[PDB]
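A.B. asks: Give me coordinates for this.
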Amino acid sequence: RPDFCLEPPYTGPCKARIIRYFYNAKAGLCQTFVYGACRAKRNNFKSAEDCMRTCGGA
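C.D. replies: Numbering: from 1, shown residues only. Provided below are the atomic coordinates:
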């Protein structure tokens, strides 16, 4: 699987408050986290199925 999902999420700058999805290498899958709506990384999917299709190699 990719390594950007093994890293923690990144609310990034700004102050948005959306519940996006990221891969918790410690959870083996993804979890919800706070997104900043800007400068998003690869560990920020809009749905749990969007994360799996990407980092669903566990």
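
A.B. asks: residue contacts, the closest residue to residue 28 other than its chain neighbours?
C.D. replies: Of all residues not flanking residue 28 in the chain, residue 58 sits nearest, at 4.9 Å (Cβ to Cβ, 6 or more residues apart in numbering). (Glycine included, C-beta is placed from N, CA and C.) By Cβ atoms under 8 Å, 6 or more residues apart in numbering, residue 58 lies in contact with 1, 28-29.

A.B. asks: Could you export the residues you listed to JSON lines, including columns for neighbour count?
C.D. replies: Formatted as JSON lines, the contacts of residue 58 follow (neighbours: other Cβ atoms under 10 Å):
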{"residue": "1", "neighbour count": "12"}
{"residue": "28", "neighbour count": "8"}
{"residue": "29", "neighbour count": "15"}
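
A.B. asks: In strands, which of the residues you listed appear?
C.D. replies: Counting by DSSP state E, the contacts of residue 58 place residue 29 in strands.

A.B. asks: can the contacts of residue 58 go into JSON lines with extra columns for distance to residue 50?
C.D. replies: Converted to JSON lines, those look like this (distance: Cβ to Cβ, whole Å):
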{"residue": "1", "distance to residue 50": "14"}
{"residue": "28", "distance to residue 50": "17"}
{"residue": "29", "distance to residue 50": "12"}
